[PDB]
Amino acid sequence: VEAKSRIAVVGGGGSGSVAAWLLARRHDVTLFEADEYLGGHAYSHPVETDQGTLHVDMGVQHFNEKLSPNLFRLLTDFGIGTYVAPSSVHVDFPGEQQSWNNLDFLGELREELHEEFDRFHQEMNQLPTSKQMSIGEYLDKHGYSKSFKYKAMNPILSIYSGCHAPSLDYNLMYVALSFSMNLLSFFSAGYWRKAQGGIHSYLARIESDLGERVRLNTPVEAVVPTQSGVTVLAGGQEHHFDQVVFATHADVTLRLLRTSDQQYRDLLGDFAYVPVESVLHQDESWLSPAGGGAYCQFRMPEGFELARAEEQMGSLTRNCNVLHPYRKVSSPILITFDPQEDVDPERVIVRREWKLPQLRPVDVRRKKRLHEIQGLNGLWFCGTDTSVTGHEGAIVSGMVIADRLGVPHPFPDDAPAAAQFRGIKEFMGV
C-alpha cells in the first residue's frame, strides 16, 4: 500500500476515529460515521446541575494506566487529566439483608459466601502461572456453589458485560486476569480511572484535527471491491477509494460488505452480541438503602429463583455522586443499566441502546481467525470484534491497521504502550 492513497474509514467509534487520525498523516482519509458524533460506545452526555455543566460517561467510562497505556498516553498528550474512580460494589438480593459488598464484611450473602470469595481470589491469582474453558465451567469443575455463580460472580461480571449477558459463558482468563489485576474484587475496590470532563474530550480533539474529512450522519450503505479500487455507497452518492478500513461491528461489517466470496460469510457470520440499555436519570429510588457509598450497585428483583437463574436478571446502577469531581454536586446523577422495572420518566435525562460482543472462548477464537481476510481486496478491519475487549483494545486495533498502512505506532518510547501494541498486533493477524 503506497503513500497518499485514498482511504475510507467506515465507523467513527474509538477504533475508527483513532485509525482515521493516524492514517490522515500519510493518506487522503475520509471517515464515515452513522450517528451525529464521534465515539460510538464512548459517549458523554451534558448534565446541567446547580454547581455547573458536567459531561457524564454513559457507555465507556473506565480504564487505567496499566491496562490501557496507549489510551492513557493519548489522553496525556492531549492534556486530558484522569482521576481514580474505585470500583466499589454492592449486591442486593430479595431477602432481608441479602447483600455483600467489597468495602466491608457486612451482609448475609457475604457471610454465606465468604469462604468461596476467599478461595476464588487465590485460585485466580494462581491461574496465569501454570485451561480454555469458560468461567462457568471452571466454577462447576472446582466445587463452587450455584449461589456463588449467580449471586456473586454473575453480578460482579455485569460491571463489564451488562446485566443481560451470559457472563458465566465468557472466557476464564478474562475473569482471572481481572481479579489478579485488582479490576474486579470481592475484598477491595478495583483500581480504575475516569477521564476529566468525560471520555469524549479526546474524541472532540480528534474531530477537530480531522476537520472536513469527518462525515457525520453518513451511514455507509455498502462497500464493493472492484478491479480499480473499492467503492463505498453512502448518503446517496458513490465514492472511490484505494483501500477501506472497517471499524464497525462484524454483523454490520458483513451486511455492508458485498462480495462474491463466502469465506467472508464463514468469518463474520457467527459473531454474537448482547443488548445494553444505559439510562441516565435522577430517580434516587434506585440507590440501595444498604449500599451506601458504593459506586456500582446491583439489585436482583423479587422473584429470584436459583433454579431459573439463567433466565432471570437484575439491574446495575452507578452512583456518580460518589465520584470525586461530583462531590460538591447537589442533584442526583445516576445511570442504571438494563433496568427491569421502568424508571420514572419524569426523572430520566436520556437513554442509549447499544450492543456488546460476547466473549466466550469460541468468540475469542472467532476474532483471531479474521486475519485470513485482512488486506484481501483492499479491505482492512479494526474495532472491538478484532481485538481484546475494552477501549484500549479497540483503539489499539486502529493503530495496528494504521501501522500496517505506513503510519507507525505513535508511542514507541513508552514500553508498556509498545508492548500492548505488539500484543494486539499479534492477536489480530496483521
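Note that residue numbering begins at 1 and tracks the sequence as displayed.
Practice problem: If the chain runs straight from residue 227 to residue 228, say none; otherwise bin the unmodelled deposited residues as 1 to 3, 4 to 9, or 10 or more. | Solution: None; the chain is continuous from residue 227 to residue 228.
Quiz item: Given the B-factors recorded for C-alpha atoms, which segment has the greater mean, 117-125 or 314-322?
Solution: Result: 314-322.
Practice problem: Give the stretch, out of 138-146 and 331-339, with the larger mean C-alpha temperature factor in the deposited entry. | Solution: Taking the mean B-factor of the alpha carbons in each, 331-339 is higher.
Quiz item: Out of 99, 154, 237, 297, which residue has the highest Cα temperature factor in the PDB record?
Solution: When the deposited C-alpha B-factors of 99, 154, 237, 297 are compared, 237 is largest.
Quiz item: Whose C-alpha has the highest temperature factor in the PDB entry: 82, 182, 167, 243?
Solution: Of the candidates given, the C-alpha B-factor peaks at 243.
Quiz item: In terms of the CA temperature factor given in the entry, to which third of its chain does residue 48 belong: lowest, middle or highest?
Solution: Highest third of the chain for residue 48's C-alpha B-factor.
Self-check item: Third of chain Cα B-factors occupied by residue 36
Solution: Within its chain, residue 36 is a middle-third residue by C-alpha B-factor, going by the deposited values.
Quiz item: Lowest, middle or highest third: where is residue 61 by C-alpha B factor in its chain?
Solution: Middle third.
Exercise. Give the position of residue 187 by CA B-factor within its chain, expressed as the lowest, middle or highest third.
Key: Ranked within chain, residue 187 CA B lands in the lowest tercile.
Quiz item: Can you tell me which third, lowest, middle or highest, the CA B-factor of residue 27 falls into for its chain?
Solution: It falls in the middle third of the chain.
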